[PDB]
>>> print(open('upload37.csv').read())   # CSV, C-alpha atoms
chain,number,residue,atom,x,y,z
A,22,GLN,CA,-78.4,-52.4,36.2
A,23,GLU,CA,-75.4,-51.9,38.5
A,24,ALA,CA,-76.4,-52.0,42.2
A,25,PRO,CA,-77.2,-48.3,42.8
A,26,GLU,CA,-76.1,-48.8,46.4
A,27,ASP,CA,-72.6,-49.2,45.1
A,28,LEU,CA,-72.9,-46.0,43.1
A,29,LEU,CA,-73.3,-44.0,46.3
A,30,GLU,CA,-69.5,-44.0,46.8
A,31,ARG,CA,-68.8,-43.5,43.1
A,32,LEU,CA,-71.4,-40.8,42.9
A,33,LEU,CA,-70.1,-39.0,46.0
A,34,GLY,CA,-66.6,-39.8,44.9
A,35,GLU,CA,-67.6,-38.2,41.6
A,36,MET,CA,-69.2,-35.4,43.7
A,37,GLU,CA,-66.1,-34.5,45.7
A,38,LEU,CA,-63.9,-33.9,42.6
A,39,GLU,CA,-65.9,-30.8,41.5
A,40,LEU,CA,-65.7,-29.1,44.9
A,41,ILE,CA,-61.9,-28.7,44.7
A,42,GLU,CA,-62.3,-28.0,41.0
A,43,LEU,CA,-64.6,-25.2,42.0
A,44,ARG,CA,-62.3,-24.4,44.9
A,45,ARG,CA,-59.4,-23.7,42.6
A,46,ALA,CA,-61.6,-22.0,40.1
A,47,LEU,CA,-63.0,-19.6,42.7
A,48,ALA,CA,-59.5,-18.7,44.0
A,49,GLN,CA,-58.5,-17.9,40.4
A,50,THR,CA,-61.3,-15.3,40.5
A,51,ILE,CA,-60.0,-13.6,43.5
A,52,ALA,CA,-56.4,-13.4,42.2
A,53,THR,CA,-57.6,-11.4,39.2
A,54,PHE,CA,-59.6,-9.2,41.6
A,55,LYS,CA,-56.5,-8.3,43.6
A,56,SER,CA,-54.5,-7.7,40.4
A,57,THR,CA,-56.9,-5.1,39.2
A,58,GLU,CA,-56.9,-3.4,42.6
A,59,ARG,CA,-53.1,-3.0,42.4
A,60,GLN,CA,-53.3,-1.8,38.8
A,61,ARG,CA,-55.7,1.0,39.7
A,62,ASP,CA,-53.5,2.1,42.6
A,63,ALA,CA,-50.5,2.6,40.3
A,64,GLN,CA,-52.6,4.7,37.9
A,65,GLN,CA,-53.9,7.0,40.6
A,66,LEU,CA,-50.3,7.3,41.9
A,67,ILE,CA,-48.9,8.6,38.6
A,68,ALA,CA,-51.9,11.0,38.6
A,69,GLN,CA,-51.0,11.7,42.2
A,70,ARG,CA,-47.4,12.4,41.1
A,71,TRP,CA,-48.8,14.4,38.1
A,72,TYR,CA,-51.0,16.0,40.8
A,73,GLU,CA,-47.9,16.7,42.7
A,74,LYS,CA,-46.0,17.9,39.6
A,75,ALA,CA,-49.0,19.9,38.8
A,76,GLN,CA,-49.2,20.9,42.5
A,77,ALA,CA,-45.9,22.7,42.3
A,78,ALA,CA,-46.4,23.6,38.6
A,79,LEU,CA,-48.6,26.7,39.1
A,80,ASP,CA,-46.3,28.0,41.9
A,81,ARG,CA,-44.4,31.2,41.1
A,82,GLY,CA,-47.4,32.2,38.9
A,83,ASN,CA,-46.4,29.7,36.2
A,84,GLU,CA,-49.8,28.2,35.5
A,85,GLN,CA,-48.9,27.3,31.9
A,86,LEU,CA,-46.9,24.3,33.1
A,87,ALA,CA,-49.7,23.4,35.5
A,88,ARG,CA,-52.2,23.6,32.7
A,89,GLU,CA,-50.6,20.9,30.7
A,90,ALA,CA,-50.0,18.6,33.6
A,91,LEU,CA,-53.6,18.5,34.9
A,92,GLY,CA,-54.9,18.0,31.4
A,93,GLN,CA,-52.3,15.2,31.2
A,94,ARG,CA,-53.4,14.0,34.7
A,95,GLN,CA,-57.0,13.4,33.9
A,96,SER,CA,-56.0,11.0,31.1
A,97,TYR,CA,-55.4,8.4,33.8
A,98,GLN,CA,-58.4,9.7,35.9
A,99,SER,CA,-60.7,8.7,33.0
A,100,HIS,CA,-59.0,5.3,33.2
A,101,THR,CA,-59.2,5.4,37.0
A,102,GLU,CA,-62.9,5.9,37.2
A,103,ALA,CA,-63.6,3.1,34.7
A,104,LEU,CA,-61.6,0.6,36.8
A,105,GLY,CA,-63.0,1.8,40.2
A,106,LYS,CA,-66.5,1.1,39.0
A,107,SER,CA,-65.5,-2.3,37.6
A,108,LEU,CA,-63.8,-3.5,40.8
A,109,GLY,CA,-66.9,-2.5,42.8
A,110,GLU,CA,-69.0,-4.5,40.5
A,111,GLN,CA,-67.0,-7.7,40.8
A,112,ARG,CA,-67.2,-7.7,44.6
A,113,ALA,CA,-70.8,-8.8,44.7
A,114,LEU,CA,-70.3,-11.7,42.3
A,115,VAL,CA,-67.3,-13.1,44.2
A,116,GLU,CA,-69.3,-12.4,47.4
A,117,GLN,CA,-72.3,-14.1,45.8
A,118,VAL,CA,-70.5,-17.2,44.6
A,119,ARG,CA,-68.8,-17.7,48.0
A,120,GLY,CA,-72.1,-18.2,49.7
A,121,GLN,CA,-73.0,-20.5,46.8
A,122,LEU,CA,-70.2,-22.9,47.8
A,123,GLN,CA,-70.5,-22.2,51.5
A,124,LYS,CA,-74.1,-23.2,51.4
A,125,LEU,CA,-73.3,-26.2,49.2
A,126,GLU,CA,-70.5,-27.4,51.5
A,127,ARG,CA,-72.8,-27.8,54.4
A,128,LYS,CA,-75.3,-29.7,52.2
A,129,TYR,CA,-72.8,-32.2,50.9
A,130,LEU,CA,-71.5,-33.1,54.4
A,131,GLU,CA,-75.0,-33.0,55.8
A,132,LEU,CA,-76.2,-35.2,53.0
A,133,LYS,CA,-73.3,-37.6,53.4
A,134,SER,CA,-74.4,-38.5,57.0
A,135,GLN,CA,-77.5,-40.4,55.9
A,136,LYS,CA,-75.6,-42.5,53.3
A,137,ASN,CA,-74.2,-45.0,55.7
A,138,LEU,CA,-77.4,-45.0,57.8
A,139,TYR,CA,-79.5,-46.5,55.0
A,140,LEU,CA,-76.6,-48.7,54.1
A,141,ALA,CA,-76.5,-49.8,57.8
A,142,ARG,CA,-80.3,-50.4,57.7
A,143,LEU,CA,-79.9,-52.1,54.3
A,144,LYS,CA,-77.4,-54.6,55.7
A,145,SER,CA,-79.8,-55.0,58.7
A,146,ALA,CA,-82.7,-55.9,56.3
A,147,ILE,CA,-80.8,-58.0,53.8
A,148,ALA,CA,-79.8,-60.5,56.4
A,149,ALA,CA,-83.1,-60.0,58.2
A,150,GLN,CA,-84.7,-62.2,55.5
A,151,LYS,CA,-81.7,-64.4,54.8
A,152,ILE,CA,-81.8,-65.5,58.4
A,153,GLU,CA,-85.5,-66.1,58.3
A,154,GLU,CA,-85.9,-67.7,54.9
A,155,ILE,CA,-84.0,-70.7,56.2
A,156,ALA,CA,-86.1,-70.6,59.3
A,157,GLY,CA,-89.2,-71.3,57.2
A,158,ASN,CA,-87.1,-74.1,55.7
A,159,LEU,CA,-87.1,-75.6,59.3
A,160,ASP,CA,-90.4,-74.3,60.5
A,161,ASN,CA,-91.4,-77.9,61.1
A,162,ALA,CA,-94.9,-77.9,59.4
A,163,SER,CA,-93.8,-79.5,56.0
A,164,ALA,CA,-93.4,-75.9,55.0
A,165,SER,CA,-89.9,-76.8,56.1
A,166,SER,CA,-88.0,-79.1,53.6
A,167,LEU,CA,-86.3,-81.6,56.0
A,168,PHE,CA,-87.8,-81.7,59.5
A,169,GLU,CA,-91.0,-83.5,58.6
A,170,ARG,CA,-89.1,-85.3,55.9
A,171,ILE,CA,-86.8,-86.5,58.7
A,172,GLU,CA,-89.9,-87.2,60.8
A,173,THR,CA,-91.5,-89.3,58.0
A,174,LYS,CA,-88.2,-91.1,57.3
B,126,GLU,CA,-52.0,-1.7,22.6
B,127,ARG,CA,-54.2,-0.5,25.5
B,128,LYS,CA,-57.2,-2.1,24.0
B,129,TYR,CA,-55.7,-5.5,23.7
B,130,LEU,CA,-54.4,-5.6,27.2
B,131,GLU,CA,-57.6,-4.0,28.5
B,132,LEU,CA,-59.6,-6.6,26.5
B,133,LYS,CA,-57.5,-9.5,27.7
B,134,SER,CA,-58.4,-8.8,31.4
B,135,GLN,CA,-62.0,-9.9,30.9
B,136,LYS,CA,-61.0,-13.2,29.2
B,137,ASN,CA,-60.2,-15.2,32.3
B,138,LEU,CA,-63.0,-13.5,34.3
B,139,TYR,CA,-65.7,-15.1,32.1
B,140,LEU,CA,-63.6,-18.3,32.0
B,141,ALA,CA,-63.6,-18.2,35.8
B,142,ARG,CA,-67.3,-17.6,35.9
B,143,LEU,CA,-67.7,-20.3,33.2
B,144,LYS,CA,-65.9,-22.8,35.4
B,145,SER,CA,-68.1,-21.6,38.3
B,146,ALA,CA,-71.3,-22.3,36.4
B,147,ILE,CA,-70.3,-25.5,34.6
B,148,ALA,CA,-69.9,-27.3,37.9
B,149,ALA,CA,-72.7,-25.3,39.5
B,150,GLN,CA,-75.1,-27.6,37.6
B,151,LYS,CA,-72.9,-30.7,37.6
B,152,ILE,CA,-73.0,-30.6,41.4
B,153,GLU,CA,-76.7,-30.0,41.6
B,154,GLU,CA,-77.9,-32.4,38.9
B,155,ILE,CA,-76.7,-35.3,41.1
B,156,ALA,CA,-78.5,-33.5,44.0
B,157,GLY,CA,-81.8,-34.0,42.2
B,158,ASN,CA,-80.7,-37.6,41.7
B,159,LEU,CA,-80.8,-37.8,45.5
B,160,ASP,CA,-83.5,-35.3,46.3
B,161,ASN,CA,-85.5,-38.1,48.0
B,162,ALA,CA,-88.9,-37.6,46.3
B,163,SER,CA,-88.6,-40.3,43.7
B,164,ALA,CA,-87.3,-37.5,41.5
B,165,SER,CA,-84.1,-39.1,42.9
B,166,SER,CA,-83.2,-42.5,41.3
B,167,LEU,CA,-82.1,-44.5,44.4
B,168,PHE,CA,-83.2,-43.0,47.7
B,169,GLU,CA,-86.9,-44.0,47.4
B,170,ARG,CA,-85.8,-47.1,45.4
B,171,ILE,CA,-83.7,-47.9,48.5
B,172,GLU,CA,-86.6,-47.0,50.7
B,173,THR,CA,-89.0,-49.3,48.7
B,174,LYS,CA,-86.4,-52.1,48.7
C,77,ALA,CA,-71.7,-10.1,78.2
C,78,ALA,CA,-72.5,-8.2,75.0
C,79,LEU,CA,-75.5,-6.2,76.2
C,80,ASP,CA,-73.7,-5.3,79.5
C,81,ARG,CA,-72.8,-1.6,79.9
C,82,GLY,CA,-75.9,-0.8,77.8
C,83,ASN,CA,-74.3,-1.9,74.6
C,84,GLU,CA,-77.1,-3.9,73.1
C,85,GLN,CA,-76.0,-3.4,69.5
C,86,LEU,CA,-73.2,-5.9,70.0
C,87,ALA,CA,-75.6,-8.3,71.7
C,88,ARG,CA,-78.1,-7.9,68.8
C,89,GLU,CA,-75.7,-9.2,66.2
C,90,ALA,CA,-74.4,-12.1,68.4
C,91,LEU,CA,-77.9,-13.6,69.2
C,92,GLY,CA,-78.9,-13.3,65.6
C,93,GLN,CA,-75.6,-15.0,64.8
C,94,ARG,CA,-76.3,-17.5,67.6
C,95,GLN,CA,-79.6,-18.9,66.4
C,96,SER,CA,-77.9,-19.8,63.1
C,97,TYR,CA,-76.6,-22.9,64.9
C,98,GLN,CA,-79.8,-23.3,66.9
C,99,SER,CA,-81.7,-23.9,63.7
C,100,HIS,CA,-79.1,-26.5,63.0
C,101,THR,CA,-79.3,-27.7,66.6
C,102,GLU,CA,-83.0,-28.4,66.6
C,103,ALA,CA,-82.8,-30.3,63.3
C,104,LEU,CA,-80.2,-32.6,64.7
C,105,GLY,CA,-81.8,-33.1,68.1
C,106,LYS,CA,-85.0,-34.3,66.5
C,107,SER,CA,-83.0,-36.6,64.2
C,108,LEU,CA,-81.1,-38.2,67.0
C,109,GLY,CA,-84.2,-38.9,69.0
C,110,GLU,CA,-85.7,-40.6,65.9
C,111,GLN,CA,-82.8,-43.0,65.4
C,112,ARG,CA,-83.0,-44.3,69.0
C,113,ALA,CA,-86.2,-46.3,68.5
C,114,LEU,CA,-84.8,-47.9,65.3
C,115,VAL,CA,-81.5,-49.0,66.9
C,116,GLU,CA,-83.6,-50.0,70.0
C,117,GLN,CA,-86.0,-51.9,67.7
C,118,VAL,CA,-83.3,-53.8,65.8
C,119,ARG,CA,-81.5,-54.9,69.0
C,120,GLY,CA,-84.6,-56.8,70.1
C,121,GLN,CA,-84.8,-58.2,66.6
C,122,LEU,CA,-81.3,-59.8,67.0
C,123,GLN,CA,-81.8,-60.5,70.7
C,124,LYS,CA,-85.0,-62.4,70.0
C,125,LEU,CA,-83.3,-64.2,67.0
D,77,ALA,CA,-44.0,-2.5,89.7
D,78,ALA,CA,-44.7,-0.8,86.4
D,79,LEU,CA,-47.5,1.5,87.4
D,80,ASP,CA,-45.6,2.6,90.5
D,81,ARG,CA,-44.4,6.2,90.6
D,82,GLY,CA,-47.5,7.0,88.5
D,83,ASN,CA,-45.9,5.5,85.4
D,84,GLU,CA,-48.9,3.6,84.2
D,85,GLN,CA,-47.9,3.7,80.5
D,86,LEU,CA,-45.3,1.1,81.2
D,87,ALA,CA,-47.8,-1.0,83.1
D,88,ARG,CA,-50.3,-0.6,80.2
D,89,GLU,CA,-48.0,-2.4,77.7
D,90,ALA,CA,-47.0,-5.2,80.1
D,91,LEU,CA,-50.5,-6.2,81.1
D,92,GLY,CA,-51.6,-6.2,77.5
D,93,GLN,CA,-48.5,-8.2,76.9
D,94,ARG,CA,-49.3,-10.4,79.9
D,95,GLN,CA,-52.7,-11.6,78.7
D,96,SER,CA,-51.2,-13.0,75.5
D,97,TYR,CA,-50.1,-16.0,77.6
D,98,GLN,CA,-53.3,-15.9,79.7
D,99,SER,CA,-55.3,-16.7,76.6
D,100,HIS,CA,-52.9,-19.6,76.1
D,101,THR,CA,-53.1,-20.4,79.8
D,102,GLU,CA,-56.9,-20.8,79.9
D,103,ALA,CA,-56.8,-22.9,76.7
D,104,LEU,CA,-54.4,-25.4,78.3
D,105,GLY,CA,-56.0,-25.4,81.8
D,106,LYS,CA,-59.3,-26.5,80.3
D,107,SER,CA,-57.6,-29.1,78.2
D,108,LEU,CA,-55.7,-30.7,81.1
D,109,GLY,CA,-58.9,-30.9,83.1
D,110,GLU,CA,-60.5,-32.7,80.2
D,111,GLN,CA,-57.8,-35.4,79.9
D,112,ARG,CA,-58.1,-36.3,83.6
D,113,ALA,CA,-61.4,-38.1,83.3
D,114,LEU,CA,-60.2,-40.2,80.3
D,115,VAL,CA,-57.0,-41.3,82.0
D,116,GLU,CA,-59.1,-41.9,85.1
D,117,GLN,CA,-61.7,-43.8,83.0
D,118,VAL,CA,-59.2,-46.0,81.3
D,119,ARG,CA,-57.5,-47.0,84.5
D,120,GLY,CA,-60.6,-48.5,85.9
D,121,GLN,CA,-61.0,-50.2,82.5
D,122,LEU,CA,-57.7,-52.1,83.0
D,123,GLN,CA,-58.1,-52.4,86.8
D,124,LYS,CA,-61.5,-54.1,86.2
D,125,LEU,CA,-60.0,-56.2,83.4
E,175,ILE,CA,-47.9,-15.4,44.1
E,176,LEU,CA,-51.4,-13.8,44.2
E,177,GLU,CA,-52.8,-17.0,42.8
E,178,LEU,CA,-51.3,-19.1,45.6
E,179,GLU,CA,-51.8,-16.6,48.4
E,180,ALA,CA,-55.6,-16.2,47.9
E,181,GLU,CA,-56.0,-20.0,47.7
E,182,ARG,CA,-54.5,-20.4,51.1
E,183,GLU,CA,-56.9,-17.8,52.5
E,184,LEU,CA,-59.8,-19.7,51.1
E,185,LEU,CA,-58.7,-22.8,53.0
E,186,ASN,CA,-58.1,-20.6,56.1
E,187,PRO,CA,-61.4,-18.6,56.4
E,188,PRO,CA,-60.4,-15.4,58.1
E,189,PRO,CA,-62.8,-14.6,61.0
E,190,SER,CA,-65.4,-11.9,60.7
E,191,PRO,CA,-64.8,-8.4,62.0
E,192,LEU,CA,-67.5,-9.0,64.6
E,193,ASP,CA,-65.2,-11.4,66.5
E,194,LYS,CA,-62.4,-8.9,65.7
E,195,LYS,CA,-64.5,-6.2,67.3
E,196,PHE,CA,-65.6,-8.5,70.1
E,197,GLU,CA,-62.1,-9.7,70.7
E,198,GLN,CA,-60.8,-6.2,70.3
E,199,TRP,CA,-63.5,-4.6,72.5
E,200,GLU,CA,-63.2,-7.5,74.9
E,201,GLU,CA,-59.5,-6.8,75.0
E,202,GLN,CA,-60.4,-3.2,75.7
E,203,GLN,CA,-62.6,-4.5,78.5
E,204,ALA,CA,-59.9,-7.0,79.5
E,205,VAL,CA,-57.1,-4.5,79.5
E,206,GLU,CA,-59.1,-1.9,81.4
E,207,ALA,CA,-61.0,-4.4,83.6
E,208,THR,CA,-57.7,-6.2,84.4
E,209,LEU,CA,-56.1,-2.8,84.8
E,210,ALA,CA,-59.2,-1.7,86.7
E,211,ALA,CA,-58.3,-4.0,89.6
E,212,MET,CA,-54.7,-2.9,89.4
E,213,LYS,CA,-55.4,0.8,89.7
E,214,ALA,CA,-57.8,0.0,92.5
E,215,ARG,CA,-56.0,-2.8,94.4
E,216,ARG,CA,-52.5,-1.3,93.9
E,217,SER,CA,-53.6,2.2,94.6
>>> encode(input="upload37.csv", output="structure tokens")
Amino acid sequence: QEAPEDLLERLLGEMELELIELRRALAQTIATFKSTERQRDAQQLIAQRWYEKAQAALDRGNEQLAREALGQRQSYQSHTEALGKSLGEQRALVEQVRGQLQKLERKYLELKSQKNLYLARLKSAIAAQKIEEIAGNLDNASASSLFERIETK
Amino acid sequence: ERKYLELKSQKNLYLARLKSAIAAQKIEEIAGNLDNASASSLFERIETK
Amino acid sequence: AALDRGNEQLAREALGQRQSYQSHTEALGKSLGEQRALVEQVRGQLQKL
Amino acid sequence: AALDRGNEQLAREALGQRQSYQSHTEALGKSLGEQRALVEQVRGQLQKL
Amino acid sequence: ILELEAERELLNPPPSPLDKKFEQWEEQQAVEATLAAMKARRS
């Protein structure tokens, strides 16, 4: 099997790619959220204008004109309320996901610290025996391969 | 006409949430590969080595 | 300075905010103390070698 | 001179305007004090060398 | 534009209103406290 120690960089290199991918994905979420906010604002405005047209409509005792406008006006209000509830809903989810990433972001960086540390200790240990294995080859008790051989020679 | 445009709004939203979720596990599956309880595949292996 | 003037409400939030790093602080402080012996230990390993 | 003649309104704006640089001022003053030790530190590095 | 604008905000986490309040209130303390000396010293 491939040296898993090498995979750490590939695995974390593989890890990093998704964060930005999530990062772009999350932003896409917010852009939609704002778009809806604007869209509602326009609808209430035309209702507000209809409210203003209806506002002046009943003046002079001409309620018949006002009657039609307000009935016309609510047509958007029904739409208005539907959106207003929807936008309030989405806020928690976008709020919820942000903490998801924010919590994750700390974890990745926090995790990444230990990586080199074991690698450092790994490099310490790998040579720790490489240095000493030859030492036993010259421990001078015939456990070595040359010293006593040299002595006997 | 209203229905189609109104319908179309939710399309990306689930797609957005979909992209949120798909990586949500991709990020974490590797986390369990390094959860450091031998449920990971390397950390304890490194420790044992 | 938050609780000065008898405005403890502002101080309340800050200190609750403050410990957020303290929890992080203590975790690191213990970790750094741990590493010292190992780096100390290995140095004698080489020095003796 | 702004608040003289009992015209504090003019003084109000200026001082609020003034601190805008003070915030900048304090940031730099701390920074410059920091750099002094390092330049001081390195000089002995060369001088000893 | 909305797509791009929000993305930049993500990479530039806006500060919480608490610091806004603290900074704002501290400015209120600063402006008045700094002015407090003025109205007293230059009385």
>>> calpha_fit_and_write(input="upload37.csv", fixed="chain C", moving="chain D", output="compact mmCIF listing (two decimals) with C-alpha atoms, keeping the file's coordinate frame")
# COMPACT_ATOMS: atom_id res chain seq x y z
CA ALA D 77 -71.71 -10.10 78.19
CA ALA D 78 -72.52 -8.17 75.04
CA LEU D 79 -75.51 -6.20 76.20
CA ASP D 80 -73.72 -5.23 79.41
CA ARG D 81 -72.81 -1.57 79.84
CA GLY D 82 -75.95 -0.84 77.78
CA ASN D 83 -74.22 -1.93 74.58
CA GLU D 84 -77.05 -3.94 73.18
CA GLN D 85 -76.03 -3.44 69.52
CA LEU D 86 -73.24 -5.88 70.02
CA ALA D 87 -75.57 -8.33 71.70
CA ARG D 88 -78.08 -7.87 68.81
CA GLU D 89 -75.63 -9.26 66.19
CA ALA D 90 -74.42 -12.17 68.35
CA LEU D 91 -77.84 -13.53 69.21
CA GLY D 92 -78.91 -13.30 65.61
CA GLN D 93 -75.65 -14.99 64.88
CA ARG D 94 -76.30 -17.50 67.67
CA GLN D 95 -79.58 -18.85 66.32
CA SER D 96 -77.95 -19.84 63.03
CA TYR D 97 -76.63 -22.92 64.88
CA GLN D 98 -79.84 -23.26 66.93
CA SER D 99 -81.75 -23.94 63.75
CA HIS D 100 -79.12 -26.58 63.03
CA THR D 101 -79.28 -27.72 66.64
CA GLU D 102 -83.04 -28.43 66.65
CA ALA D 103 -82.75 -30.22 63.28
CA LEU D 104 -80.17 -32.65 64.69
CA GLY D 105 -81.79 -33.09 68.16
CA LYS D 106 -84.98 -34.31 66.52
CA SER D 107 -83.06 -36.57 64.22
CA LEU D 108 -81.06 -38.27 67.00
CA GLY D 109 -84.24 -38.90 68.93
CA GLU D 110 -85.67 -40.55 65.86
CA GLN D 111 -82.77 -42.99 65.36
CA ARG D 112 -83.02 -44.24 68.97
CA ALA D 113 -86.16 -46.26 68.47
CA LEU D 114 -84.78 -47.99 65.31
CA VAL D 115 -81.51 -48.98 66.95
CA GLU D 116 -83.58 -50.01 69.96
CA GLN D 117 -86.00 -51.92 67.66
CA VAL D 118 -83.32 -53.75 65.81
CA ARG D 119 -81.57 -54.90 68.94
CA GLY D 120 -84.55 -56.75 70.16
CA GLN D 121 -84.79 -58.17 66.62
CA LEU D 122 -81.35 -59.84 66.99
CA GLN D 123 -81.75 -60.51 70.75
CA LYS D 124 -85.00 -62.41 69.96
CA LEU D 125 -83.32 -64.13 67.00
>>> residues_around(input="upload37.csv", residues="residue 128 in chain B", least_positions_apart="6", cutoff="12 Å", atoms="only C-alpha atoms", output="PyMOL selection string")
(chain A and resi 100) or (chain B and resi 134-135)
>>> atom_distance(input="upload37.csv", atom1="CA of residue 149 in chain A", atom2="CA of residue 134 in chain A")
23.2 Å
>>> atom_distance(input="upload37.csv", atom1="CA of residue 121 in chain A", atom2="CA of residue 94 in chain C")
21.3 Å
>>> atom_distance(input="upload37.csv", atom1="CA of residue 101 in chain A", atom2="CA of residue 64 in chain A")
6.7 Å
>>> closest_residue(input="upload37.csv", among="E:204, E:217, E:196, E:210", to="chain C", atoms="only C-alpha atoms")
E:196
>>> interface_residues(input="upload37.csv", of="chain E", to="chain A", cutoff="10 Å", atoms="all atoms listed in the file", output="PyMOL selection string")
chain E and resi 175-185
>>> write_last_selection(input="upload37.csv", atoms="C-alpha atoms", output="PDB file, keeping the file's coordinate frame")
ATOM      1  CA  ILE E 175     -47.900 -15.400  44.100  1.00  0.00           C
ATOM      2  CA  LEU E 176     -51.400 -13.800  44.200  1.00  0.00           C
ATOM      3  CA  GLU E 177     -52.800 -17.000  42.800  1.00  0.00           C
ATOM      4  CA  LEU E 178     -51.300 -19.100  45.600  1.00  0.00           C
ATOM      5  CA  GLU E 179     -51.800 -16.600  48.400  1.00  0.00           C
ATOM      6  CA  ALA E 180     -55.600 -16.200  47.900  1.00  0.00           C
ATOM      7  CA  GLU E 181     -56.000 -20.000  47.700  1.00  0.00           C
ATOM      8  CA  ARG E 182     -54.500 -20.400  51.100  1.00  0.00           C
ATOM      9  CA  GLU E 183     -56.900 -17.800  52.500  1.00  0.00           C
ATOM     10  CA  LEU E 184     -59.800 -19.700  51.100  1.00  0.00           C
ATOM     11  CA  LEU E 185     -58.700 -22.800  53.000  1.00  0.00           C
TER      12      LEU E 185
END
>>> interface_residues(input="upload37.csv", of="chain D", to="chain E", cutoff="10 Å", atoms="all atoms listed in the file", output="list in words")
residues 77, 79, 80, 82, 84, 87, 88, 89, 91, 92, 93, 94 and 95 of chain D
>>> interface_residues(input="upload37.csv", of="chain C", to="chain A", cutoff="10 Å", atoms="only C-alpha atoms", output="ChimeraX atom specification")
/C:111,114-115,118,121-122,125
>>> interface_residues(input="upload37.csv", of="chain B", to="chain A", cutoff="7 Å", atoms="all atoms listed in the file", output="JSON, numbers by chain")
{"B": [138, 141, 144, 145, 148, 152, 167]}
